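Asks: Take a look and give me a structure for this.
(8 chains, ligands or ions: 15)
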Amino acid sequence: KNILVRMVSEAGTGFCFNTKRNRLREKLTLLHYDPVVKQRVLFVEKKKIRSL
Amino acid sequence: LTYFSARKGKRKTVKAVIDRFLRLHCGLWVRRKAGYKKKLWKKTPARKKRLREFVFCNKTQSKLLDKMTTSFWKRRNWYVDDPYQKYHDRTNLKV
Amino acid sequence: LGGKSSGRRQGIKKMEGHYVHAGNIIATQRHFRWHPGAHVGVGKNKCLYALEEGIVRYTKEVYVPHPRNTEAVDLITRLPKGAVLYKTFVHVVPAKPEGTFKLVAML
Amino acid sequence: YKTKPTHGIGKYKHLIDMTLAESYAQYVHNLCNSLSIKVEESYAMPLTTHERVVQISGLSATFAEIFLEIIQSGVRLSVXXXXXXXXXXXXXXXX
Amino acid sequence: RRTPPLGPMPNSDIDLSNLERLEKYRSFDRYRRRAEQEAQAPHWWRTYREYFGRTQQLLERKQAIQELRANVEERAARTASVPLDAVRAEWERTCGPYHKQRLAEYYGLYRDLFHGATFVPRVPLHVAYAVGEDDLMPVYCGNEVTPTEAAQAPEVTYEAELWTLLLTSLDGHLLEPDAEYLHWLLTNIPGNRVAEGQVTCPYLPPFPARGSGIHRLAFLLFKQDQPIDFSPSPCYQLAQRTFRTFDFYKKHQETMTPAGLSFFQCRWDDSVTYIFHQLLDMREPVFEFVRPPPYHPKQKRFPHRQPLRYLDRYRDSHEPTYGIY
RNA sequence: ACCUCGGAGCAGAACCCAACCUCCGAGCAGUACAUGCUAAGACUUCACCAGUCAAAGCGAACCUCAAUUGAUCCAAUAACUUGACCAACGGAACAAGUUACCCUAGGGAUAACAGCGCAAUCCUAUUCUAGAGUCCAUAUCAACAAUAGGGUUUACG
RNA sequence: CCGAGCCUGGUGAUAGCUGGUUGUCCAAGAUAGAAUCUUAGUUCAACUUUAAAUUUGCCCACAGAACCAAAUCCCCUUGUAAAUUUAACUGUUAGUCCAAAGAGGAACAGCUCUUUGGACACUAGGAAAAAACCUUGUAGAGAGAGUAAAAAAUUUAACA
RNA sequence: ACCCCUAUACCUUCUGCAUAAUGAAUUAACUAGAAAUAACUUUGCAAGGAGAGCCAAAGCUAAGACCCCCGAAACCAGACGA
Ligand SMILES: [Mg+2]
Ligand SMILES: [Mg+2]
Ligand SMILES: [Mg+2]
Ligand SMILES: [Mg+2]
Ligand SMILES: [Mg+2]
Ligand SMILES: [Mg+2]
Ligand SMILES: [Mg+2]
Ligand SMILES: [Mg+2]
Ligand SMILES: [Mg+2]
Ligand SMILES: [Mg+2]
Ligand SMILES: [Mg+2]
Ligand SMILES: [Mg+2]
Ligand SMILES: [Mg+2]
Ligand SMILES: [Mg+2]
Ligand SMILES: [Mg+2]
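Replies: Residues are numbered from 1 along each chain as shown, chains lettered A, B, ... in the order given. Ligands and ions are numbered 1, 2, ... in the order given. Sure, structure below:
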């Protein structure tokens, strides 16, 4: 049902975080905080990392 | 733990302990929390935080560790800028 | 078959009249056997804790639920026209005063 | 606490044309409310015809009679069977 | 062991035989009100408060109201802001005095100034400190105004046909507490004018120490039946001006009753320094505000499951110490 | 048959408390993406390991849910991170039968015989008067039941 | 003495298993739980011993400890004297009956399983003999004294 | 001297043994706690100690004081035997 996915920030590169999403649906894009940049920034899904 | 070695006839260190722990000169034993680089997704942030801290070992545990190592690991070591240097000696104790 | 779960060790950790420092947990429970009162907080377990240095006291205080929390409101509505619910509350009554003005210098 | 004199202070469980017809029904309901009688339910039953109901329970003969009189004092009625006239209405009782 | 209740239990009378006959508070507001009422009531079970805590006139009024309604005719309502000044004036005339008591109680003037015992300030006192040409900064009861604005003595009115106007700081600065510092003392005044009445102690500005908090000065006004003597030159010595109003009231003000009050808040400012230096002739005291230190439990020999931060909590201080090498 | 986790009773009023005791369930979902950093002070499943709560501060706005999980070393990863119904669930990196052809160390801490306790079952005697006995409860049988006693049985311990 | 010979060597093989552990005298001294290829063992905890440092420790009295019995917790006074911490350890971690509240089983067991409290595994007197019921504990000598627990009771069917 | 009264050998193993649980005919001689880290103790010296190296935010050097015996079936190497 749910996939684990890694999400890569465009600005503040190097910072990746792991999240859930349903396997059936769209590649995920999300606003989230980069502590490197110290601002909210768009992350994009890249590579699933185990499924469950 | 080899109380007398075959050739030198000295005690040996269990090197597992050396790999895993840091003996402060005061004889506290510092350890990385277990389960700290594992299944971090399912873990709540607070739990993660908890798991990323170092911890001091129990008295009994400390004693065990002392027994498990030789007097070399208990010496005073004057490192240039070890981040733990300030914790070796102890300040303002009272029983 | 079935489960054999360990004892949960919940209940009061600090009783009325005990000196309780800010942060001390006062009572742990599932559901509200006690409620947070003056200077007493609630964790995600419903566990009650002291928000200031002081003395614990217990009191039976009239209970009004939050308007937004529906089930309680409904219950209240259901009650007859001279009824009041009542519930037990845990307070810390603070001891040491937050402030004391000291003389720095004569300028 | 059980043994304390403030035992069950928290205890709470023990305490706990069509348009015209509609208007008439509403009025009846209001009257019932005023006079302190249990209005259980009301229905929206199906040229055209339209029915409305006001289910009532528990009322003494004299009081009941009074109520009936007030209702009487347009369209129609139907509950002893007590019909009358000036779409449709049917105040079913349960005395 | 089942003990009976000491007094009557709550929820006893209302349960009754049947539940379906009663009215029930279908709303929340009613319930809330009930709760409030209950709270207000005392009870026997400790509880919160233990541990912490003409006809003609009426007719005339009615007539006026009717007239107003007629004038409106209502349409306006179907958005009229109303004149506020007039309302204020009315309040002053009538229930202003009543109101004033509450404020006084809140501010602890009756407990500190008069040692207990409340009284209504009937006669409305109207003071204002002049700031340039206009506007005159009015000393409404409770207001914050700076000691720069209070450098020179104010203008006073009250519309009353003898009086004794007084002004005192309630905190008791510098020296030990249960003391007060008077700022002036006007005496044996005929009518509305200050210049006509005598003055024993002349005006100082407020002189609140830096970071000492906020102080509460108080103007006092009494009714004179009999003219009386009082007691000291244009002085800036502090040991003379230290006096408490309670004792004064007791041992002297016997043919006298207070009728007018206004209290006034004060903070630090640049004039305070001047006051300290020029006329008082001393170094101004600086007041910080020190909180009590952080707690921490006793120093444990083997901390066990605390982080490496355990040792940073018990240390004097920060810099790296080198024992003997 | 079960072996890990949780809720209710036993366990009626601070915790704690067993059994191959009685009963429900879990090994997930949903909403977010500041489920950001850190940090006083506590609780803790009777050890340890694991868990829990958390004021202030700095950053920002203007979590729900009972259980819903798994160590170390190793792997896989530029790194962040991710790896088991390791379900015998504190996990040995990977292991099956059979032995009257058997052996050794032990054990009355655990059976078969025997004893012993108990007496469910069993055997007997009273009480009771339903009913059979052409009628008639007691010549003779005897239901429902009750009160005692025995230690033939098969069990149980 | 063939399910795989015999001898020597590795070999003082290895045993969570059994048996055995030798001068005197004194003192303190008993079985909450954990996990565990683990319940014949172990390692933590608990209890126990010693040497320290200390300030409180036990008894506790009003207040107080939800809703859906017995009692307990907390607890100032008070009677007392110790308890907490630090430094070293070993050993117990296969228990029994009695009273009480329960559970399984037969409302069986000298049956099985929890909890509270006794006792026993440590002398004595009693209850016939007796582990666990009752009286009783700090020691030695006396050809002195007062006590404690402490010895089962019954006997019975007329009737007009 | 018996006769009177009191008196359930010992060790081990046990929840519990006079037990009808083990062992022991008796004498003789032989026959079983051995190791340092870390503690404590008393000396020595002491911001140093130690007969190099090692340790040292009162240490260091010194001694003293703790840690059994008997027993398989077995496995393997090399000889010797029809
Ligand atoms: Mg614990
Ligand atoms: Mg915060
Ligand atoms: Mg055969
Ligand atoms: Mg064959
Ligand atoms: Mg054999
Ligand atoms: Mg047996
Ligand atoms: Mg036996
Ligand atoms: Mg018959
Ligand atoms: Mg051997
Ligand atoms: Mg002794
Ligand atoms: Mg038994
Ligand atoms: Mg048994
Ligand atoms: Mg034997
Ligand atoms: Mg082998
Ligand atoms: Mg031949």
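
Asks: first to last residue in stretch E:142-151, what's the distance?
Replies: Stretch E:142-151 has its terminal residues 19 Å apart, counting by CA to CA, to the nearest Å.

Asks: Residues touching that stretch, excluding its own?
Replies: Contact with stretch E:142-151 is made by E:103, E:107, E:129, E:131, E:137, E:139, E:205-208, E:214, E:263-267, E:269-272, E:275, as judged by CB atoms under 8 Å, 6 or more residues apart in numbering or on different chains. Any C-beta I mention is one placed from the backbone N, CA and C, and that applies to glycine too.

Asks: Could you check how far the closest residue in space to residue B:91 that isn't next to it in sequence is from chain D?
Replies: Spatially, and ignoring its direct neighbours in sequence, residue B:91 is nearest to residue E:315 (4.9 Å; CB to CB, 6 or more residues apart in numbering or on different chains). Distance, residue E:315 to chain D, by CB to the nearest CB, to the nearest Å: 45 Å.

Asks: sorry, back to before: what's the PyMOL line that selects buried ones from the contacts of stretch E:142-151?
Replies: Selecting only the buried entries of the contacts of stretch E:142-151 in PyMOL, with 16 or more other CB atoms under 10 Å in any protein chain shown as the criterion:
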select buried, chain E and resi 107+129+131+137+139+205+206+207+208+263+264+265+266+267+269+271+272+275
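
Asks: Put the alpha carbons of stretch E:273-289 into PDB.
Replies: Extracted C-alpha coordinates of stretch E:273-289, given in PDB (Å, rounded to 0.1, in the frame of the first residue of the first chain):
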ATOM      1  CA  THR E 273      19.100  60.800  36.700                       C
ATOM      2  CA  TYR E 274      19.000  64.600  36.800                       C
ATOM      3  CA  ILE E 275      16.800  64.400  39.900                       C
ATOM      4  CA  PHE E 276      19.200  62.100  41.600                       C
ATOM      5  CA  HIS E 277      22.200  64.200  40.800                       C
ATOM      6  CA  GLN E 278      21.100  67.900  40.900                       C
ATOM      7  CA  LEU E 279      18.800  68.100  43.900                       C
ATOM      8  CA  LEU E 280      19.100  64.800  45.900                       C
ATOM      9  CA  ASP E 281      22.900  64.900  45.600                       C
ATOM     10  CA  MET E 282      23.900  61.200  45.400                       C
ATOM     11  CA  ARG E 283      24.700  58.400  43.000                       C
ATOM     12  CA  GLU E 284      21.600  56.900  41.500                       C
ATOM     13  CA  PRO E 285      21.000  53.200  42.500                       C
ATOM     14  CA  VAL E 286      20.700  50.700  39.600                       C
ATOM     15  CA  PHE E 287      18.200  47.900  40.000                       C
ATOM     16  CA  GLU E 288      18.400  44.800  37.800                       C
ATOM     17  CA  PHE E 289      15.900  42.000  38.700                       C
END
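
Asks: Could you confirm whether it reaches chain C?
Replies: Yes - residues of stretch E:273-289 are located near chain C by CB under 8 Å from any CB of the partner chain, namely E:282-289.

Asks: show me the contacts for the most centrally placed residue in chain A.
Replies: Centroid-nearest residue in chain A: residue A:7, 2.1 Å away (criterion: CA atoms, centre = their mean). Counting by CB under 8 Å, 6+ apart, residue A:7 touches A:16-19, A:28, A:30, A:32, A:43-46.

Asks: Show me the strands in chain C, by range?
Replies: Using DSSP state E, the strands of chain C run over residues C:11-12, C:19-20, C:25-28, C:35-36, C:40-42, C:48-50, C:54-61, C:87-94, C:103-106.

Asks: before we move on, back to that, select from the contacts of residue A:7 the one having the most neighbours.
Replies: residue A:43 (24 neighbours; other CB atoms under 10 Å in any protein chain shown).

Asks: Assign it to helix, strand or coil.
Replies: strand (DSSP: H, G, I helix; E, B strand; the rest coil).

Asks: Tell me what it is bridged to.
Replies: In this entry, residue A:43 is beta-bridged to residue A:9, residue A:30, by DSSP bridges.

Asks: Just list the residues touching it, thanks.
Replies: For residue A:43, counting by CB under 8 Å, 6+ apart, the contacting residues are A:7-10, A:17, A:29-32.

Asks: again, only using 7 Å
Replies: Contacts for residue A:43 (CB atoms under 7 Å, 6 or more residues apart in numbering or on different chains) come out as A:7-9, A:17, A:30, A:32.

Asks: Skip the chain neighbours and tell me the closest residue to the closest residue to RNA strand H within the stretch 101-250 of chain E.
Replies: Nearest residue of the stretch 101-250 of chain E to RNA strand H (CB to the nearest atom of the strand) works out as residue E:211 at 38.6 Å. Spatial nearest neighbour of residue E:211, chain neighbours left out: residue E:287 (4.7 Å); criterion: CB to CB, 6+ apart.

Asks: And that neighbour, how far from residue E:176?
Replies: 15 Å (CB to CB, to the nearest Å).

Asks: Residue E:299 now?
Replies: For residue E:299 relative to residue E:176 (CB to CB), the value is 38 Å.

Asks: so what's the residue of chain C positioned farthest from its centre up against?
Replies: Most distant from the centre of chain C: residue C:107, at 47.1 Å, with distances by CA atoms, centre = their mean. Residue C:107 makes contacts with E:283-284, E:286, as judged by CB under 7 Å, 6+ apart.

Asks: Go through those and say which is closest to residue C:14.
Replies: Proximity of the contacts of residue C:107 to residue C:14 (CB to CB) peaks at residue E:286, which lies at 40.7 Å.

Asks: since we're on the closest one, how many residues are nearby?
Replies: 16.

Asks: That one - that's part of a strand, no?
Replies: Yes - with three-state DSSP as the criterion, residue E:286 is part of a strand.

Asks: Please name the nearest non-neighbouring residue to it.
Replies: residue C:104 (4.4 Å).

Asks: And for that neighbour, the neighbour number?
Replies: Using other CB under 10 Å: residue C:104 sits among 14 other residues.

Asks: Chain B contacts on chain E?
Replies: Residues of chain E found near chain B (CB under 7 Å from any CB of the partner chain) are E:299, E:302-308, E:310-311, E:314-316, E:320, E:323.

Asks: now, the most widely separated pair of these?
Replies: E:305 and E:323 (28.6 Å).

Asks: okay, those two: which has more neighbours?
Replies: residue E:305 (11 against 6).

Asks: any idea how far the residue nearest to that one when sequence neighbours are not counted is from residue B:21?
Replies: Nearest-residue entry for residue E:305: residue B:55, 5.7 Å, with adjacent residues in sequence omitted and distances by CB to CB, 6+ apart. Distance, residue B:55 to residue B:21, using CB to CB: 10 Å.

Asks: Brilliant, that's me finished.
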